[PDB]
Amino acid sequence: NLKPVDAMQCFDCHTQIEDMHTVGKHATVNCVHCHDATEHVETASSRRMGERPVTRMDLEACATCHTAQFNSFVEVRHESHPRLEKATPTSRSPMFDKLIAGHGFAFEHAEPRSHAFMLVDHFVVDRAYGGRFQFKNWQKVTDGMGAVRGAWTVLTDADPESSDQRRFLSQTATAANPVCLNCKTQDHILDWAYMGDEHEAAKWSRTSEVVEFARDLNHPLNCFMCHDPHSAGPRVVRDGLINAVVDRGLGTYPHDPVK
Amino acid sequence: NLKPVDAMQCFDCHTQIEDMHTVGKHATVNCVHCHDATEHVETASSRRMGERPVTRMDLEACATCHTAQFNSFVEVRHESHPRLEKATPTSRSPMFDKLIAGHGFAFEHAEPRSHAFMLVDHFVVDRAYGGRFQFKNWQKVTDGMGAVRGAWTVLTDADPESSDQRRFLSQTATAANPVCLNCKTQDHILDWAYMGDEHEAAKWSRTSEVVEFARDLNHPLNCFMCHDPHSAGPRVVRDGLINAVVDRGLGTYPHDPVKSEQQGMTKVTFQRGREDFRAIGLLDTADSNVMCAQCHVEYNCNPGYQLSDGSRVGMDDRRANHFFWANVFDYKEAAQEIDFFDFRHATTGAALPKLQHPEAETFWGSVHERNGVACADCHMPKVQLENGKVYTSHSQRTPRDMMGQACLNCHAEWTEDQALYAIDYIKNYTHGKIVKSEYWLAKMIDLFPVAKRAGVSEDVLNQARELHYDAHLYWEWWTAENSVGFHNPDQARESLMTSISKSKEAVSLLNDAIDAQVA
Amino acid sequence: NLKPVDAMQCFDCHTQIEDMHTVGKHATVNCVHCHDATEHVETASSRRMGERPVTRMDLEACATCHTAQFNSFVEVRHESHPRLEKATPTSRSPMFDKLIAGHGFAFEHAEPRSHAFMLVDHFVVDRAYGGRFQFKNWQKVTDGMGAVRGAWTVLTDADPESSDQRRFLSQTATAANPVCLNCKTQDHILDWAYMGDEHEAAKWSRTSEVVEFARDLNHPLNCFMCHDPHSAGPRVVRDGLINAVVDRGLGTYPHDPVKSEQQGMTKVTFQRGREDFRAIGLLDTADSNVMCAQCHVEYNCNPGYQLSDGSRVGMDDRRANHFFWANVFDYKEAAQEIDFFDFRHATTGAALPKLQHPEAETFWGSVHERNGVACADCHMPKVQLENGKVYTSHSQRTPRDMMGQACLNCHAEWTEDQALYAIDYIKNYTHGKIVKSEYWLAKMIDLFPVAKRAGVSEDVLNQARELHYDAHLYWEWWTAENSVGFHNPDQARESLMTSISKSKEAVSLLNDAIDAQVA
Ligand code: HEC
Ligand code: HEC
Ligand code: HEC
Ligand code: HEC
Ligand code: HEC
Ligand code: HEC
Ligand code: HEC
Ligand code: HEC
Ligand code: HEC
Ligand code: HEC
Ligand code: HEC
Ligand code: HEC
Ligand code: HEC
Ligand code: HEC
Ligand SMILES: O=S([O-])[O-]
Ligand SMILES: O=S([O-])[O-]
Ligand SMILES: O=S([O-])[O-]
Ligand SMILES: O=S([O-])[O-]
Ligand SMILES: [Ca+2]
Ligand SMILES: [Ca+2]
Ligand SMILES: [Ca+2]
Ligand SMILES: [Ca+2]
Ligand SMILES: [Ca+2]
Ligand code: NA
Ligand code: NA
Ligand code: NA
Ligand code: NA
Ligand code: NA
Ligand code: NA
Ligand code: NA
């Protein structure tokens, strides 16, 4: 069973977290729900991390107290046709191939389906990784809950021994890069510097080998993308959005300064 | 927003809570979710309460983190007919009035409906409070969530100025007493000593003014009735059940010492002033059979009379709060064991028992119980989801509404229609024997005034009255029990055949005696 | 094809019609739609009819221009069980035969079905005409449109050669008389003097041979019963209702003088030979409460007896056509006011009233009536159309079939299931008290022969008979009334509790008296 940690000890070093946590609607929610900090706390100073604490990024971290939101999130809408190519006469763009010729989307561009699949679908689409990643079998395409538990529980890698982008199937492309992942998962939220700029503290950046990066990522659309886990208040985490809205001064509603 | 309190401070005085809280699945759940103890902490001493902390007993205290269980619990099953009188030709007991004459249930006995309404229905039923309490208007009868938020949000009191039980409408009774409430709410869990015995720490007891007690109570079927709020482990809190299982050493399965040992109960006592005050029964397993047995049992919760001498047994007597914890065929011996009966029949003068919804005692020994099946398997099954986190449905209702999750989950050889047909075979057959038992009971009852008026001897009338006790018991168990035989079809059949046998014997006895007086 | 007549010619003699016709919403509707007056116009004088014009009374006279109202009116609700006897354990009054013994309704009293059938059902029911009239075959029972086209298109007469009321089948009665027909048809509207009093201009009256009268009548619930054909304004035509509201000055809402004034009735009289002959009541507003009260009321439409001396009150007496226009708690006083009762109970010998479908008098004072709600809001709501011209549904039926247009149109906080559940709460509760009132009534009734045979005194039997009157009234109102309490749940509850109180008092009285005779 989970044993709570003394959050007051954390707060002696983590003052920005204290200011958020103590005031919001997660003031009673202990750190141990999402952080394994035993070795960290034994070795840190306020100026030196010491051992890196482990942070849970899976959606079931929130599902224990917020089952209703989690269960509605992971539902698969079966009526949202899966793997349906847009460049067909009965879909969105009957002449897409002629019009887009020269772009990687010609290799495959399907209609979106339920959010549970976003990361797996990113990994398997013909335009992304040269066909490197596939569902373990054709049955796994139905498993939204499985995808949510982790992409690598439902996918295989054609060559675990290499990390370069290349074609494993003839009519595929290798368009994926580390920026794509920011709109599929935020598992890397502590390992990616703002905008994906190079940074001493970042494991991953815009110039990483996307295949290696992919292997570190598991969960789609993390609940903390819209909800700060410390304050429980509404937020965004996506760097490009903050950059447009704040850094470039465009505002949340560029056409409406009052709003 | 809630601010967490320092639980270490509490634990310095509350070692039983520390031992439970730090070790279970609520170890990270702060006391402030359920307790406002600011003034308490400022004034308590090592073993005196000082200022009383405020304890939340509303179910939304748990709904905070367990929305799915809460929302399934509060669902109203509109198909469960509301306020439907059982003494009607289309309900459970067509001849109930004749057979129960003398008892307060003659004033009204409706079929059960959804659990959300249990406390308000207790308050408003015609037999309970003289019609004192009513819904604020006739629209409120639909409002399950409202009733859950609190009885007094949806009800009115005809006279806030008085506290005595009395009749405000002519055809009502005042049967309610404080024991009733234990099977409707546990809002009083900190204000009621074990068994309702007098106790200097208890605001309320068996002898309290029930109208005053009623006004203090709000919520139905509190989530903590089955789940310890500190350890989150399975438990019961009902005094009468702990008394039968533990104090009387009968076991959770009285017919099965092994199962009783494997699926047992540990009584945990809390003290006030270092004197025993209240108790809970922690369960070895999350055994719904025992959890639901907190209420779905035959019981005393009322005054009565002694079988030996007919003297009154009042609310002050321990027997006014009693779980017999006996099947239909051990019941007469259990009632003799405490020297108790409920009422004298208004027509026959027989001393008779009053039977209450004995689902737990009926389910014992059934093929299902013997195979390790429990109430929740049929009435609170796990939800099946194409994609999602599984949880237990808390909408306690007929398995007819969820046959795939209930019956068919174990009976793979049946379609839904076949499983429903199996249920109906048993219920139809049992109901036919209920109706025939009533026919014979009524035929016997109607001969009593004829016998008395023909001058048949008291000795013969008393023999017939002895037969009436048994004819009544072996019938009433089954109009009281809610499954119409399904929970134990062989037992229902044998009991109801015994009722008919007893009535037939009495009919012959009386007819012969009458005919002799005439000739 | 129809050719219009010169209405100016008619108006020269018919000034009352000119005043109504030229001003209302039928100012452009030519007389030829409803009147063939060629020979009349050739022979009439200023104040003698001469040849009688032919007046169309069939509903298709209106369907010509009002197809939607006509087609909704004639719809048969197949879910309204046809020819379903109320004295059965699964209908309204399980103990009806015991309780009504002595009255002609013992021969047959079915639940109401769709309005299309009212006249044919009146003609064929076992209690009415000795079984004289029958459907032509058993297939005709489905034919609502056929019945609307005319009763005699779908029925036969066992003996066209005789005109006396008599029994053609053994277990029938001959309760029908000419007053009945006023609540089944108004085909006789020009042939029946106000109240059915003798009148030299009337073909038919209270004292007519009903079999001969029956043969002259064809159509159910004529459209003009609620709508004046000349002005198209709202009205009533029923004599008994105009008598209560206007002649007796009771008002359309007898408990509310203001509402009575705002929603009142103006009596308009038509003469023959310059003597008053017939009357209508023009309504200030299109108030369905008063329109439906032409028939859905408690009434006398039959011979009876005087309470004072037991003497016969025959069809010749004004009291044989009477609207009490009184709620259940004012009824006994209203019956004493005219010194009248219906029958003597066959077992108890009590003088008793017979109660008829008192929906109007029950609805008074309910939360709905007090809030300005009227029968049509629930039973004839406006049609809701995605695209179209709105009209009023004339399919008078339970709101269960049109919950969106009825209940939910005002109760936006409820789903359909919740609103149905609210209805069922009241109906279930009320039906339980009906059944219990019957139980107590039957227990009392069965003691009468025992008391008489034990030699209990006439004085005690007469006290019990007085109690029987009240026990009967406070029960029978509710098996007569069609909503099972829904129209006024608090009143149903108080009345039925009073019935039980009265029966209980009588049971105790008789049991004690019997026991004293034995000892
Ligand atoms: C139980 C130990 C929790 C864990 C794990 C998570 N949350 Fe939570 N959350 C919890 C509580 C007791 C509350 C307060 C409820 C109230 O209304 O009083 C919350 C609240 C939220 C909210 C709403 C906050 C607001 O300002 O409106 C959100 C959006 C929320 N919680 C999100 C959330 C996330 C994303 C979690 C996983 C990272 C998570 N919670 C875990 C209890 C618990
Ligand atoms: C029994 C005779 C089967 C019938 C009828 C259907 N399926 Fe099947 N399928 C069956 C087996 C034994 C397997 C292999 C299972 C394993 O994991 O070893 C499968 C596999 C599939 C797959 C995956 C195929 C792949 O190349 O990965 C799919 C998508 C699938 N099955 C679907 C499916 C459908 C839709 C069926 C009705 C049209 C169907 N199966 C019938 C056995 C049997
Ligand atoms: C945020 C600004 C995004 C970036 C960066 C990437 N994607 Fe995306 N993706 C995004 C949305 C809002 C959607 C759903 C709406 C839609 O029109 O599809 C998607 C969907 C996909 C899918 C599934 C559908 C499809 O196009 O076949 C795939 C396979 C996918 N995205 C792949 C992908 C790649 C390879 C990216 C980097 C080159 C990439 N996405 C970035 C939002 C965003
Ligand atoms: C010693 C100085 C105490 C401190 C610190 C806390 N509590 Fe207490 N509490 C104390 C006593 C002596 C009693 C009477 C029971 C007993 O153990 O002798 C209590 C009682 C309670 C209760 C029950 C109240 C009721 O209505 O019956 C609760 C719910 C409770 N206490 C809670 C509580 C909390 C949450 C504390 C930390 C904030 C806390 N107590 C500290 C003594 C002492
Ligand atoms: C959030 C601050 C919670 C409050 C308020 C309540 N509960 Fe809880 N509960 C919470 C957590 C984080 C967990 C652990 C989940 C897991 O499986 O790890 C639980 C667990 C339970 C359980 C399951 C217990 C078991 O032994 O498996 C139960 C039955 C339970 N909780 C009940 C419960 C009750 C009755 C509450 C109101 C008194 C209540 N919880 C509040 C979080 C929170
Ligand atoms: C637990 C041992 C109980 C005691 C003590 C009381 N009741 Fe009860 N009650 C209990 C159950 C399990 C049920 C549902 C099953 C059933 O057969 O009804 C009920 C139901 C009611 C109801 C609703 C149905 C009805 O009978 O009208 C009412 C109104 C009610 N109970 C009232 C009531 C009174 C007045 C009590 C003290 C005399 C009482 N209950 C005690 C379980 C238990
Ligand atoms: C006894 C009549 C119960 C009441 C009152 C409540 N719950 Fe319950 N709960 C009950 C059972 C039989 C079970 C299944 C036990 C098993 O292991 O099979 C549960 C389970 C839970 C859980 C655990 C997670 C799950 O399986 O859903 C939780 C968190 C829970 N219950 C919460 C809960 C709430 C919030 C309640 C009040 C609305 C509540 N329970 C009451 C039995 C009973
Ligand atoms: C006392 C606190 C109870 C507990 C514990 C359990 N039940 Fe119950 N139940 C109780 C009452 C007072 C009522 C009637 C409520 C009313 O307002 O009339 C009931 C009712 C039921 C029903 C009928 C529901 C319906 O749709 O008609 C069922 C199926 C039922 N109870 C089952 C049940 C189960 C399986 C329980 C253990 C999980 C359980 N109940 C506990 C009182 C109490
Ligand atoms: C066509 C030649 C008609 C015949 C035959 C009948 N009615 Fe009529 N009706 C007709 C017209 C043109 C109108 C006016 C429509 C408008 O709203 O302007 C009406 C109106 C009515 C009304 C509404 C009256 C009101 O005060 O709002 C009613 C109730 C009505 N008509 C009834 C009615 C009856 C009962 C008929 C058979 C006796 C009948 N109409 C025949 C046209 C025609
Ligand atoms: C052909 C093989 C038929 C079957 C199948 C059904 N019916 Fe019939 N029915 C049939 C005939 C030739 C007749 C006589 C028609 C006539 O007017 O001469 C009937 C009659 C009836 C009746 C009237 C009975 C009577 O008046 O005594 C009814 C009520 C009736 N039919 C109903 C009916 C039902 C409900 C059927 C299915 C159960 C049915 N019929 C079948 C021919 C045939
Ligand atoms: C208006 C004051 C009426 C008088 C006069 C008569 N009836 Fe009636 N009847 C009336 C209504 C509003 C209803 C439907 C509501 C109900 O409770 O039935 C009826 C119904 C009938 C029926 C059908 C149902 C049944 O009772 O079998 C029949 C056969 C019937 N009425 C016959 C009848 C007789 C014989 C009358 C004179 C003795 C008589 N009705 C008068 C309203 C009124
Ligand atoms: C009393 C029992 C009625 C009978 C008989 C008929 N109608 Fe009616 N009508 C009635 C009411 C309560 C209303 C609604 C009044 C309001 O203003 O709310 C109506 C309305 C009409 C209208 C007006 C247009 C409309 O709203 O639909 C017409 C044209 C009409 N009724 C025609 C009509 C016909 C053709 C009838 C015989 C089939 C008929 N009405 C009978 C009440 C009553
Ligand atoms: C006398 C001419 C009546 C008028 C005016 C109204 N009603 Fe009536 N109603 C009457 C009878 C004789 C019957 C029974 C007909 C039969 O053949 O059995 C009825 C019946 C009803 C019903 C029941 C319909 C069903 O589906 O079972 C309803 C709902 C009803 N009546 C309502 C009603 C309303 C609202 C009226 C004013 C608009 C109204 N009726 C007038 C006799 C007469
Ligand atoms: C508007 C024309 C309404 C129609 C149609 C229905 N109802 Fe109604 N109802 C209406 C009002 C204005 C009120 C009073 C609201 C208040 O709180 O002041 C009501 C009341 C009720 C009640 C309560 C009755 C009581 O307490 O005595 C009930 C049970 C009710 N309404 C139910 C109901 C049903 C089932 C309806 C369709 C058959 C229905 N109402 C229609 C307004 C209107
Ligand atoms: O805390 S007191 O008991 O010394
Ligand atoms: O009265 S309760 O026990 O059903
Ligand atoms: O028309 S006559 O009366 O002169
Ligand atoms: O007989 S009629 O009044 O129902
Ligand atoms: Ca889609
Ligand atoms: Ca039920
Ligand atoms: Ca009992
Ligand atoms: Ca009907
Ligand atoms: Ca009458
Ligand atoms: Na789609
Ligand atoms: Na398409
Ligand atoms: Na039911
Ligand atoms: Na039934
Ligand atoms: Na009898
Ligand atoms: Na019906
Ligand atoms: Na019925």
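The figures that follow rest on heavy atoms only: side chains count, while hydrogens, waters and symmetry mates do not. Throughout, a chain's letter reflects where its sequence line sits, starting with A, and its residues are numbered from 1.
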Quiz item: Within 45° of the axis and under 6.0 Å from the centre of the six-membered ring of B/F135, does NZ or CZ of B/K140 qualify?
Solution: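 Judged by the rule, B/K140 and B/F135 form no cation-pi pair.
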Practice problem: Please look at C/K443 and chain B and tell me whether the side chain, the backbone, both or neither of the residue comes under 4.5 angstrom of a heavy atom of that chain. | Solution: side chain
Self-check item: Contacting moiety of C/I423, where chain B heavy atoms sit under 4.5 Å
Solution: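 Neither the backbone nor the side chain of C/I423 comes within 4.5 Å of chain B.
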Practice problem: Using atom types as modelled and distance alone, determine if a side-chain donor or acceptor of C/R493 lies under 3.5 Å from a backbone N or O of C/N488. | Solution: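 Absent.
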Quiz item: Under the 3.5 angstrom rule, does the side chain of C/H103 hit a backbone N or O of C/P353 as a donor-acceptor pair?
Solution: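 No, because the side chain of C/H103 does not come within donor-acceptor range (under 3.5 Å) of the backbone of C/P353.
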Using a 4.5 angstrom heavy-atom cutoff, name the option from [options] with the most pairs to chain B.
options	value
C/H431, C/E438, C/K504	C/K504
C/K433, C/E413, C/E494, C/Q517	C/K433
C/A422, C/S501, C/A519, C/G432	C/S501
C/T498, C/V367, C/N511, C/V450	C/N511

Exercise. Counting only heavy atoms closer than 4.5 Å, note whether B/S80 contacts chain C via side chain, backbone, both or neither.
Key: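 For B/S80, the backbone is the part near chain C, not the side chain.
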Quiz prompt | Under 4.5 Å from any heavy atom of chain C - which part of B/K98 | solution = both
Name the option with the most non-hydrogen atom pairs under 4.5 Å to chain C; the candidates are [options].
options	answer
B/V76, B/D97, B/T172, B/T90	B/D97
B/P94, B/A454, B/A106, B/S91	B/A106
B/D126, B/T88, B/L84	B/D126

Quiz item: Would you say the ring centroid of C/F486 lies under 6.0 angstrom from that of B/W138?
Solution: no
Quiz prompt | C/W475/C/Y439 aromatic ring centres below 6.0 Å | solution = no
Exercise. Applying side-chain contact (heavy atoms from CB on, under 4.5 Å) between B/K136 and each of B/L155, B/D143, B/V154, B/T156, report the one that passes.
Key: B/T156
Quiz item: For C/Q463, which residues count as a side-chain hydrogen bond (donor to acceptor under 3.5 Å, both in side chains) partner, sequence neighbours excluded?
Solution: none
Exercise. Please determine which of B/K86, B/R127, B/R83 meets the side-chain hydrogen bond (donor to acceptor under 3.5 Å, both in side chains) test together with B/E108.
Key: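 Only match with B/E108 under side-chain hydrogen bond (donor to acceptor under 3.5 Å, both in side chains): B/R83.
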